[PDB]
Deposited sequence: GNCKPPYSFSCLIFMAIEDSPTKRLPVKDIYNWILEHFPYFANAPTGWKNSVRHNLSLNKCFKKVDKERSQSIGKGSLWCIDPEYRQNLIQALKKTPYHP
């Protein structure tokens, strides 16, 4: 990991959850998927975690689920994330 990913935090989260076996992921698990699949953030300046939690709460695309709690993709905005994913892969 030497360069910043071309994907935005919204897409990284979407790729992490979508790769999950159940489309549901706690925050810390989302951290890992971003690290394992993107090692740039290993040496990246602290704050991307913050930017992640910031992105999960106000982005209409993600909705919490409580029966840390799990995050999932919103079915009505899922089409929105895929489009941004195809743009710059």
Please report every deposited-sequence interval that has no C-alpha in the structure, sorted by position.
68-75, 98-100
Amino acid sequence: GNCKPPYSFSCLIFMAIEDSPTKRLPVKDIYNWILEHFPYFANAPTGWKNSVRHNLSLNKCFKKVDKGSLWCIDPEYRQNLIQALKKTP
From here on, numbers count along this sequence of modelled residues.
Using the B-factor values recorded in the entry, state whether the Cα atom of residue 44 falls in the lowest, middle or highest third among the modelled residues of its chain.
highest
Taking the chain's C-alpha temperature factors as the reference, tell me which third residue 22 falls into: lowest, middle or highest.
middle
With respect to C-alpha B-factor, does residue 69 fall in the lowest, middle or highest third of the chain as deposited?
middle
